[PDB]
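K.L.:
Coordinates in protein.tsv, TSV, C-alpha atoms, are listed below.
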chain	number	residue	atom	x	y	z
N	3	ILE	CA	3.56	-10.78	-7.47
N	4	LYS	CA	0.12	-11.52	-8.95
N	5	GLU	CA	-2.16	-8.59	-9.66
N	6	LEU	CA	-5.81	-8.61	-8.53
N	7	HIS	CA	-8.37	-8.57	-11.34
N	8	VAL	CA	-10.44	-5.35	-11.15
N	9	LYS	CA	-14.16	-5.93	-11.59
N	10	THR	CA	-16.42	-2.92	-12.09
N	11	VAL	CA	-20.11	-3.45	-11.64
N	12	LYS	CA	-23.47	-1.61	-11.51
N	13	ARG	CA	-25.96	-1.96	-8.65
N	14	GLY	CA	-28.18	-5.03	-9.31
N	15	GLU	CA	-25.83	-6.75	-11.75
N	16	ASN	CA	-24.75	-10.39	-11.54
N	17	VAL	CA	-21.12	-11.03	-11.00
N	18	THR	CA	-18.67	-13.86	-11.16
N	19	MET	CA	-15.17	-13.69	-9.59
N	20	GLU	CA	-12.80	-16.28	-10.91
N	21	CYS	CA	-10.35	-18.76	-9.38
N	22	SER	CA	-8.80	-21.50	-11.47
N	23	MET	CA	-8.49	-25.12	-10.31
N	24	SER	CA	-5.33	-25.23	-12.55
N	25	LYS	CA	-2.21	-25.84	-10.42
N	26	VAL	CA	-4.46	-26.07	-7.28
N	27	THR	CA	-3.00	-28.96	-5.35
N	28	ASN	CA	-5.40	-29.83	-2.61
N	29	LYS	CA	-9.00	-28.72	-3.36
N	30	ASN	CA	-9.86	-29.69	0.21
N	31	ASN	CA	-7.72	-26.78	1.31
N	32	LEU	CA	-9.06	-24.18	-1.15
N	33	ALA	CA	-11.23	-21.25	-0.06
N	34	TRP	CA	-12.24	-17.68	-0.75
N	35	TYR	CA	-11.59	-14.77	1.69
N	36	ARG	CA	-13.51	-11.48	1.52
N	37	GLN	CA	-12.16	-8.12	2.70
N	38	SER	CA	-14.54	-5.10	2.90
N	39	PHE	CA	-12.58	-1.91	2.49
N	40	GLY	CA	-10.99	-0.90	5.81
N	41	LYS	CA	-11.63	-4.22	7.55
N	42	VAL	CA	-9.49	-7.29	8.06
N	43	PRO	CA	-10.16	-10.12	5.55
N	44	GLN	CA	-12.44	-12.99	6.61
N	45	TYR	CA	-12.84	-16.56	5.67
N	46	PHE	CA	-15.88	-16.78	3.47
N	47	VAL	CA	-16.37	-20.13	1.70
N	48	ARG	CA	-14.51	-23.35	1.16
N	49	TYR	CA	-14.39	-26.20	-1.31
N	50	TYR	CA	-16.40	-29.01	0.25
N	51	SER	CA	-16.95	-32.49	-1.32
N	52	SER	CA	-20.72	-32.87	-1.52
N	53	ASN	CA	-23.41	-32.33	-4.15
N	54	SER	CA	-22.78	-28.45	-4.20
N	55	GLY	CA	-19.08	-28.73	-3.88
N	56	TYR	CA	-18.72	-25.80	-1.49
N	57	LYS	CA	-19.68	-24.52	2.02
N	58	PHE	CA	-20.06	-20.93	3.21
N	59	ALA	CA	-18.71	-19.79	6.56
N	60	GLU	CA	-21.12	-20.51	9.38
N	61	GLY	CA	-21.49	-16.80	10.14
N	62	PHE	CA	-22.82	-16.00	6.62
N	63	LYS	CA	-26.43	-15.23	5.95
N	64	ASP	CA	-26.74	-14.15	2.29
N	65	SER	CA	-28.46	-16.25	-0.39
N	66	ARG	CA	-27.32	-13.97	-3.24
N	67	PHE	CA	-23.87	-15.57	-3.18
N	68	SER	CA	-23.12	-18.93	-4.82
N	69	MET	CA	-20.19	-20.82	-6.39
N	70	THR	CA	-19.65	-22.63	-9.72
N	71	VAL	CA	-17.32	-25.48	-8.76
N	72	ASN	CA	-16.05	-28.12	-11.17
N	73	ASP	CA	-12.87	-29.51	-12.67
N	74	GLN	CA	-11.68	-26.18	-14.11
N	75	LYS	CA	-13.30	-23.66	-11.79
N	76	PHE	CA	-13.79	-22.42	-8.16
N	77	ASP	CA	-15.62	-19.24	-9.06
N	78	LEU	CA	-17.64	-17.08	-6.69
N	79	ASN	CA	-20.99	-15.67	-8.00
N	80	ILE	CA	-23.26	-12.80	-6.76
N	81	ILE	CA	-26.82	-12.06	-8.03
N	82	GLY	CA	-28.08	-8.46	-7.50
N	83	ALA	CA	-24.74	-6.85	-6.61
N	84	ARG	CA	-25.23	-4.36	-3.84
N	85	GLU	CA	-22.98	-1.46	-2.68
N	86	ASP	CA	-21.58	-3.38	0.34
N	87	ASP	CA	-20.58	-6.40	-1.77
N	88	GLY	CA	-17.67	-4.25	-2.94
N	89	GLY	CA	-14.26	-5.12	-1.54
N	90	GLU	CA	-11.45	-7.55	-2.28
N	91	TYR	CA	-11.86	-11.28	-2.57
N	92	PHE	CA	-8.85	-13.62	-2.49
N	93	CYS	CA	-8.79	-17.34	-3.41
N	94	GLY	CA	-6.11	-19.17	-1.49
N	95	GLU	CA	-5.01	-22.72	-0.80
N	96	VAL	CA	-3.56	-23.73	2.55
N	97	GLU	CA	-0.42	-25.82	2.67
N	98	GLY	CA	0.97	-26.59	6.03
N	99	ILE	CA	0.27	-23.33	7.82
N	100	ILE	CA	0.71	-20.90	4.94
N	101	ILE	CA	-2.23	-19.72	2.89
N	102	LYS	CA	-1.00	-19.02	-0.63
N	103	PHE	CA	-3.40	-16.82	-2.53
N	104	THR	CA	-3.49	-17.75	-6.25
N	105	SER	CA	-5.77	-14.94	-7.32
N	106	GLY	CA	-8.10	-12.21	-6.30
N	107	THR	CA	-10.57	-9.65	-7.55
N	108	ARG	CA	-11.31	-6.11	-6.52
N	109	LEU	CA	-15.05	-5.65	-6.85
N	110	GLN	CA	-16.02	-1.99	-7.28
N	111	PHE	CA	-18.96	0.24	-8.40
E	3	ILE	CA	-15.64	-7.99	12.26
E	4	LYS	CA	-12.41	-5.99	12.86
E	5	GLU	CA	-11.33	-2.61	11.46
E	6	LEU	CA	-7.84	-1.98	10.14
E	7	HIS	CA	-5.83	0.72	11.90
E	8	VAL	CA	-5.18	3.36	9.32
E	9	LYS	CA	-1.74	4.89	9.64
E	10	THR	CA	-0.29	7.81	7.71
E	11	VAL	CA	3.51	7.76	7.61
E	12	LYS	CA	6.27	9.96	6.18
E	13	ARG	CA	9.30	8.84	4.22
E	14	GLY	CA	12.17	7.85	6.59
E	15	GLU	CA	9.83	7.70	9.61
E	16	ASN	CA	9.35	4.66	11.92
E	17	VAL	CA	6.20	2.59	12.05
E	18	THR	CA	4.80	-0.08	14.36
E	19	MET	CA	1.88	-2.35	13.42
E	20	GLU	CA	0.11	-4.13	16.17
E	21	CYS	CA	-0.96	-7.73	16.69
E	22	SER	CA	-2.13	-9.28	19.92
E	23	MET	CA	-0.52	-12.36	21.33
E	24	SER	CA	-2.73	-12.72	24.38
E	25	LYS	CA	-5.55	-14.32	22.60
E	26	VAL	CA	-3.80	-16.60	20.12
E	27	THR	CA	-4.28	-20.36	20.46
E	28	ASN	CA	-1.08	-21.72	18.89
E	29	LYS	CA	1.73	-19.11	18.63
E	30	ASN	CA	3.65	-20.95	15.85
E	31	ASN	CA	0.50	-20.64	13.75
E	32	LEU	CA	0.70	-16.79	13.87
E	33	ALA	CA	1.92	-14.77	10.88
E	34	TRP	CA	1.73	-11.36	9.23
E	35	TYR	CA	0.60	-11.12	5.57
E	36	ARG	CA	1.42	-8.04	3.42
E	37	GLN	CA	-0.75	-6.75	0.64
E	38	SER	CA	0.64	-4.17	-1.75
E	39	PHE	CA	-2.12	-2.15	-3.42
E	40	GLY	CA	-3.79	-4.02	-6.31
E	41	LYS	CA	-1.88	-7.25	-5.48
E	42	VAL	CA	-2.68	-10.59	-3.83
E	43	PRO	CA	-1.67	-10.75	-0.13
E	44	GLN	CA	1.43	-12.74	0.58
E	45	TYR	CA	2.77	-14.45	3.68
E	46	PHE	CA	5.36	-12.09	5.06
E	47	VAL	CA	6.75	-13.09	8.53
E	48	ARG	CA	5.78	-15.87	10.99
E	49	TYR	CA	6.27	-16.38	14.70
E	50	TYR	CA	9.15	-18.85	15.06
E	51	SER	CA	10.11	-20.31	18.36
E	52	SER	CA	10.57	-17.63	20.31
E	53	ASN	CA	14.08	-16.44	20.01
E	54	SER	CA	14.03	-13.34	17.90
E	55	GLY	CA	10.55	-14.73	18.09
E	56	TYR	CA	10.17	-14.62	14.31
E	57	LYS	CA	11.30	-15.50	10.73
E	58	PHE	CA	10.64	-13.48	7.51
E	59	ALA	CA	9.39	-15.24	4.34
E	60	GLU	CA	12.07	-16.95	2.16
E	61	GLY	CA	11.82	-14.23	-0.54
E	62	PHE	CA	12.74	-11.40	1.81
E	63	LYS	CA	15.94	-9.62	2.91
E	64	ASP	CA	15.04	-5.98	3.93
E	65	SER	CA	16.75	-4.91	7.18
E	66	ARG	CA	14.34	-2.06	7.93
E	67	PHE	CA	11.66	-4.64	8.99
E	68	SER	CA	11.81	-6.07	12.52
E	69	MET	CA	9.38	-7.42	15.15
E	70	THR	CA	8.70	-6.88	18.88
E	71	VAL	CA	7.62	-10.37	20.08
E	72	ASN	CA	6.72	-11.12	23.74
E	73	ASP	CA	3.90	-12.64	25.74
E	74	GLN	CA	1.56	-9.72	24.86
E	75	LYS	CA	2.64	-8.52	21.45
E	76	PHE	CA	3.55	-9.73	17.96
E	77	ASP	CA	4.22	-6.30	16.46
E	78	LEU	CA	5.78	-5.51	13.07
E	79	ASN	CA	8.19	-2.52	13.13
E	80	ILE	CA	9.56	-0.51	10.18
E	81	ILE	CA	12.57	1.80	10.71
E	82	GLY	CA	13.04	4.35	7.88
E	83	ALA	CA	9.80	3.96	5.94
E	84	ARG	CA	9.81	4.07	2.15
E	85	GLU	CA	6.77	4.63	-0.10
E	86	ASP	CA	6.79	1.02	-1.33
E	87	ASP	CA	6.09	-0.08	2.28
E	88	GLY	CA	2.63	1.35	1.66
E	89	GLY	CA	-0.12	-1.20	1.70
E	90	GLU	CA	-2.14	-3.40	4.06
E	91	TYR	CA	-0.71	-5.73	6.62
E	92	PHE	CA	-2.84	-8.38	8.31
E	93	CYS	CA	-2.00	-10.54	11.31
E	94	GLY	CA	-3.60	-13.94	11.57
E	95	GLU	CA	-3.51	-17.35	13.08
E	96	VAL	CA	-4.26	-20.55	11.15
E	97	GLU	CA	-6.76	-22.82	12.86
E	98	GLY	CA	-7.34	-26.06	10.95
E	99	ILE	CA	-6.79	-24.64	7.47
E	100	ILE	CA	-8.79	-21.46	8.13
E	101	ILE	CA	-6.71	-18.32	8.75
E	102	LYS	CA	-8.36	-15.87	11.21
E	103	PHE	CA	-7.04	-12.36	10.88
E	104	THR	CA	-7.11	-10.63	14.28
E	105	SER	CA	-5.88	-7.17	13.34
E	106	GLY	CA	-4.44	-5.23	10.47
E	107	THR	CA	-2.94	-1.84	9.52
E	108	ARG	CA	-3.21	0.13	6.28
E	109	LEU	CA	-0.06	2.21	5.81
E	110	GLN	CA	-0.47	5.18	3.57
E	111	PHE	CA	2.15	7.62	2.28
How does the structure come out when it is put into C-alpha cells?
P.N.:
Amino acid sequence: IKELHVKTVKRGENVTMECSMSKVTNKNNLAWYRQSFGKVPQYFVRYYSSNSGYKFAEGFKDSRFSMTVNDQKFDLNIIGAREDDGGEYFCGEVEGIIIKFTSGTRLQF
Amino acid sequence: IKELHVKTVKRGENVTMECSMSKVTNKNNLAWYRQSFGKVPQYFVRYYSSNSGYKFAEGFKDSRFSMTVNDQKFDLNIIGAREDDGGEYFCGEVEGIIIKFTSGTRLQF
C-alpha cells in the first residue's frame, strides 16, 4: 500500500505536489483531493481539456494554487505556502465508482 | 466542510463508525475508504444491494469488520479492535466521478 510523500515547507515557500500521468488510464477522470487535518477530504481540482488543462472545484477561492499539467505530469502547485495549506492531498482516478488514489503528499510545516 | 469524529479505542474493544444513509442520492454509490497513517486511502467496503447490505474490497478477509446497514445508517463496526485498525475512515458517495465524503472517523490507539 503506497506511502504518502512527506513534504516539509516554510511559511511563504512555493511548493509542488506530484502526481504522475504514468499508468493513468483516463485523464478525464483524474483529480486531486485535499484533506485538512481533522476534516473529511474534499474534491479540489480535476483534469479538464482546455488551454489550462485543469479546473478547480467551484467552491474554491484561492489564486495561490495552480497545476502543471502535461504528458508526464498532473502536479499541484502553491505559491506563498500558508499554515492552513497543510494537510494531505491525494491524486486519484475514478473507474466505475471506485476512486483509486495513485499517490499523495502530506504537506507540513 | 465536515469534521472527523475522533475516537480513542482500546485493544480488544468494539468500535462503530457512523455514516448517514438518509441523505445519499444513489445508495450503490456509497462506500467507506480506509486510510492507514502515512498511506494513500483505499476503497474498503461498498453498499451492495441491500442484503447484508454490503461487500468488502476484494483484497480483504478480516472477520472483525462488519456493517449495520438500514434506511438510516451505513455504519462500519469493529469487534475486538487491534492497533493496526488505527487510522482514518471516510464515508462517501460518488456523484459523476466526484466522490463526496459525508463523514469520517479517526481511530486512535
K.L.:
For chain E, report every residue with an atom at most 10 Å from chain N (counting all atoms listed in the file), formatted as a ChimeraX atom specification.
P.N.:
/E:3-8,30-33,35,38-46,48,90-108
K.L.:
With a distance cut-off of 7 Å and all atoms listed in the file, select the neighbouring residues of residue 88 of chain N, excluding the residue or stretch itself and same-chain residues fewer than 2 positions from it, and output the selection as a ChimeraX atom specification.
P.N.:
/N:38,85-86,109-110
K.L.:
Selected residues, C-alpha atoms, written as a PDB file, in the coordinates of the input, please.
P.N.:
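Below you can see part.pdb, which holds the result:
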ATOM      1  CA  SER N  38     -14.540  -5.100   2.900  1.00  0.00           C
ATOM      2  CA  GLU N  85     -22.980  -1.460  -2.680  1.00  0.00           C
ATOM      3  CA  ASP N  86     -21.580  -3.380   0.340  1.00  0.00           C
ATOM      4  CA  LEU N 109     -15.050  -5.650  -6.850  1.00  0.00           C
ATOM      5  CA  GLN N 110     -16.020  -1.990  -7.280  1.00  0.00           C
TER       6      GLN N 110
END
K.L.:
After a least-squares superposition of chain E on chain N over all Cα atoms matched in order, what is the RMSD to one decimal?
P.N.:
0.7 Å
K.L.:
Quick check, in Å to one decimal: how far apart do atom CA of residue 34 of chain N and atom CA of residue 67 of chain E lie?
P.N.:
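So the two atoms, atom CA of residue 34 of chain N and atom CA of residue 67 of chain E, lie 28.9 Å apart.
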K.L.:
List the neighbours of residue 50 of chain N out to 12 Å using only C-alpha atoms; skip same-chain residues closer than 5 positions along the sequence, and give me the result as a list in words.
P.N.:
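Listing them by chain and then by number gives residues 28, 29, 30, 31, 32, 33, 55, 56, 57, 58, 59, 69, 71, 72 and 76 of chain N.
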K.L.:
Could you tell me how far atom CA of residue 111 of chain N lies from atom CA of residue 13 of chain N, in Å and to one decimal?
P.N.:
7.3 Å
K.L.:
Quick one: everything within 7 Å of residue 17 of chain E, counting all atoms listed in the file, minus sequence neighbours fewer than 3 positions away in the same chain. Send it as a list in words.
P.N.:
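My list of contacting residues is residues 79, 80 and 81 of chain E.
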K.L.:
Please produce an output containing C-alpha atoms for each residue in the selection, written as a compact mmCIF listing (two decimals), keeping the file's coordinate frame.
P.N.:
# COMPACT_ATOMS: atom_id res chain seq x y z
CA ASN E 79 8.19 -2.52 13.13
CA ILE E 80 9.56 -0.51 10.18
CA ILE E 81 12.57 1.80 10.71
K.L.:
Pick out the closest residue to residue 83 of chain E from this set: E:16, E:27, E:10, E:37. Count all atoms listed in the file.
P.N.:
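Answer, going by the shortest atom-to-atom distance: E:16.
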K.L.:
Just give me the gap between atom CA of residue 75 of chain N and atom CA of residue 24 of chain N in Å, one decimal is fine.
P.N.:
8.2 Å
K.L.:
Can you work out which one of E:26, E:64, E:21, E:47 has the shortest atom-to-atom distance to residue 84 of chain E, counting all atoms listed in the file?
P.N.:
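That would be E:64, the residue with the smallest distance to residue 84 of chain E.
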K.L.:
From the list N:87, N:25, N:63, N:49, which residue is nearest residue 11 of chain N when using all atoms listed in the file?
P.N.:
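The closest residue to residue 11 of chain N is N:87.
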K.L.:
Where atoms are missing, can you supply N, CA, C and O atoms for segment 3-25 of chain N and output the lot as a PDB file, in the coordinates of the input?
P.N.:
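File produced: result_5.pdb:
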ATOM      1  N   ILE N   3       4.716 -10.671  -8.412  1.00  0.00           N
ATOM      2  CA  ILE N   3       3.560 -10.780  -7.470  1.00  0.00           C
ATOM      3  C   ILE N   3       2.202 -10.490  -8.174  1.00  0.00           C
ATOM      4  O   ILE N   3       2.016  -9.431  -8.800  1.00  0.00           O
ATOM      5  N   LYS N   4       1.279 -11.446  -8.063  1.00  0.00           N
ATOM      6  CA  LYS N   4       0.120 -11.520  -8.950  1.00  0.00           C
ATOM      7  C   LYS N   4      -0.842 -10.367  -8.683  1.00  0.00           C
ATOM      8  O   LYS N   4      -1.158 -10.070  -7.522  1.00  0.00           O
ATOM      9  N   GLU N   5      -1.246  -9.694  -9.763  1.00  0.00           N
ATOM     10  CA  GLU N   5      -2.160  -8.590  -9.660  1.00  0.00           C
ATOM     11  C   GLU N   5      -3.639  -9.045  -9.503  1.00  0.00           C
ATOM     12  O   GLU N   5      -4.095 -10.004 -10.129  1.00  0.00           O
ATOM     13  N   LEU N   6      -4.384  -8.335  -8.659  1.00  0.00           N
ATOM     14  CA  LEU N   6      -5.810  -8.610  -8.530  1.00  0.00           C
ATOM     15  C   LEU N   6      -6.455  -8.289  -9.867  1.00  0.00           C
ATOM     16  O   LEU N   6      -6.110  -7.281 -10.458  1.00  0.00           O
ATOM     17  N   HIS N   7      -7.479  -9.037 -10.256  1.00  0.00           N
ATOM     18  CA  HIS N   7      -8.370  -8.570 -11.340  1.00  0.00           C
ATOM     19  C   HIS N   7      -9.283  -7.471 -10.807  1.00  0.00           C
ATOM     20  O   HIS N   7      -9.764  -7.595  -9.713  1.00  0.00           O
ATOM     21  N   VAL N   8      -9.494  -6.389 -11.552  1.00  0.00           N
ATOM     22  CA  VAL N   8     -10.440  -5.350 -11.150  1.00  0.00           C
ATOM     23  C   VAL N   8     -11.775  -5.544 -11.859  1.00  0.00           C
ATOM     24  O   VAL N   8     -11.867  -5.554 -13.106  1.00  0.00           O
ATOM     25  N   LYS N   9     -12.816  -5.730 -11.057  1.00  0.00           N
ATOM     26  CA  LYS N   9     -14.160  -5.930 -11.590  1.00  0.00           C
ATOM     27  C   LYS N   9     -15.053  -4.736 -11.252  1.00  0.00           C
ATOM     28  O   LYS N   9     -15.320  -4.435 -10.098  1.00  0.00           O
ATOM     29  N   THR N  10     -15.504  -4.032 -12.289  1.00  0.00           N
ATOM     30  CA  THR N  10     -16.420  -2.920 -12.090  1.00  0.00           C
ATOM     31  C   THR N  10     -17.841  -3.344 -12.412  1.00  0.00           C
ATOM     32  O   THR N  10     -18.090  -4.023 -13.417  1.00  0.00           O
ATOM     33  N   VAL N  11     -18.781  -2.900 -11.591  1.00  0.00           N
ATOM     34  CA  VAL N  11     -20.110  -3.450 -11.640  1.00  0.00           C
ATOM     35  C   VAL N  11     -21.156  -2.386 -11.296  1.00  0.00           C
ATOM     36  O   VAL N  11     -20.851  -1.460 -10.580  1.00  0.00           O
ATOM     37  N   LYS N  12     -22.379  -2.541 -11.805  1.00  0.00           N
ATOM     38  CA  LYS N  12     -23.470  -1.610 -11.510  1.00  0.00           C
ATOM     39  C   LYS N  12     -24.354  -2.247 -10.446  1.00  0.00           C
ATOM     40  O   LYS N  12     -24.412  -3.478 -10.377  1.00  0.00           O
ATOM     41  N   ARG N  13     -25.002  -1.441  -9.604  1.00  0.00           N
ATOM     42  CA  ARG N  13     -25.960  -1.960  -8.650  1.00  0.00           C
ATOM     43  C   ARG N  13     -26.988  -2.883  -9.320  1.00  0.00           C
ATOM     44  O   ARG N  13     -27.616  -2.507 -10.305  1.00  0.00           O
ATOM     45  N   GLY N  14     -27.148  -4.101  -8.812  1.00  0.00           N
ATOM     46  CA  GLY N  14     -28.180  -5.030  -9.310  1.00  0.00           C
ATOM     47  C   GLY N  14     -27.675  -6.005 -10.374  1.00  0.00           C
ATOM     48  O   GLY N  14     -28.424  -6.835 -10.869  1.00  0.00           O
ATOM     49  N   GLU N  15     -26.410  -5.888 -10.738  1.00  0.00           N
ATOM     50  CA  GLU N  15     -25.830  -6.750 -11.750  1.00  0.00           C
ATOM     51  C   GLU N  15     -25.446  -8.082 -11.120  1.00  0.00           C
ATOM     52  O   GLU N  15     -25.315  -8.193  -9.888  1.00  0.00           O
ATOM     53  N   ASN N  16     -25.275  -9.090 -11.971  1.00  0.00           N
ATOM     54  CA  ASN N  16     -24.750 -10.390 -11.540  1.00  0.00           C
ATOM     55  C   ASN N  16     -23.290 -10.506 -11.825  1.00  0.00           C
ATOM     56  O   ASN N  16     -22.820 -10.214 -12.933  1.00  0.00           O
ATOM     57  N   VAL N  17     -22.541 -10.887 -10.805  1.00  0.00           N
ATOM     58  CA  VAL N  17     -21.120 -11.030 -11.000  1.00  0.00           C
ATOM     59  C   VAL N  17     -20.564 -12.412 -10.703  1.00  0.00           C
ATOM     60  O   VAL N  17     -21.158 -13.243  -9.989  1.00  0.00           O
ATOM     61  N   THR N  18     -19.461 -12.666 -11.385  1.00  0.00           N
ATOM     62  CA  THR N  18     -18.670 -13.860 -11.160  1.00  0.00           C
ATOM     63  C   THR N  18     -17.208 -13.441 -10.944  1.00  0.00           C
ATOM     64  O   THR N  18     -16.678 -12.635 -11.704  1.00  0.00           O
ATOM     65  N   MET N  19     -16.594 -13.919  -9.850  1.00  0.00           N
ATOM     66  CA  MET N  19     -15.170 -13.690  -9.590  1.00  0.00           C
ATOM     67  C   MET N  19     -14.457 -15.024  -9.725  1.00  0.00           C
ATOM     68  O   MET N  19     -14.882 -16.051  -9.198  1.00  0.00           O
ATOM     69  N   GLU N  20     -13.345 -15.011 -10.436  1.00  0.00           N
ATOM     70  CA  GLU N  20     -12.800 -16.280 -10.910  1.00  0.00           C
ATOM     71  C   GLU N  20     -11.628 -16.781 -10.095  1.00  0.00           C
ATOM     72  O   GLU N  20     -10.781 -15.984  -9.672  1.00  0.00           O
ATOM     73  N   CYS N  21     -11.575 -18.095  -9.865  1.00  0.00           N
ATOM     74  CA  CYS N  21     -10.350 -18.760  -9.380  1.00  0.00           C
ATOM     75  C   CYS N  21     -10.207 -20.047 -10.174  1.00  0.00           C
ATOM     76  O   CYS N  21     -11.184 -20.776 -10.367  1.00  0.00           O
ATOM     77  N   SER N  22      -9.003 -20.345 -10.609  1.00  0.00           N
ATOM     78  CA  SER N  22      -8.800 -21.500 -11.470  1.00  0.00           C
ATOM     79  C   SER N  22      -8.284 -22.678 -10.680  1.00  0.00           C
ATOM     80  O   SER N  22      -7.382 -22.519  -9.875  1.00  0.00           O
ATOM     81  N   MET N  23      -8.921 -23.834 -10.868  1.00  0.00           N
ATOM     82  CA  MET N  23      -8.490 -25.120 -10.310  1.00  0.00           C
ATOM     83  C   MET N  23      -7.151 -25.609 -10.881  1.00  0.00           C
ATOM     84  O   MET N  23      -6.578 -26.574 -10.355  1.00  0.00           O
ATOM     85  N   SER N  24      -6.677 -24.967 -11.959  1.00  0.00           N
ATOM     86  CA  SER N  24      -5.330 -25.230 -12.550  1.00  0.00           C
ATOM     87  C   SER N  24      -4.269 -25.050 -11.480  1.00  0.00           C
ATOM     88  O   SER N  24      -4.328 -24.059 -10.730  1.00  0.00           O
ATOM     89  N   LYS N  25      -3.309 -25.974 -11.399  1.00  0.00           N
ATOM     90  CA  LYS N  25      -2.210 -25.840 -10.420  1.00  0.00           C
ATOM     91  C   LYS N  25      -2.696 -25.674  -8.940  1.00  0.00           C
ATOM     92  O   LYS N  25      -1.885 -25.383  -8.057  1.00  0.00           O
TER      93      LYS N  25
END
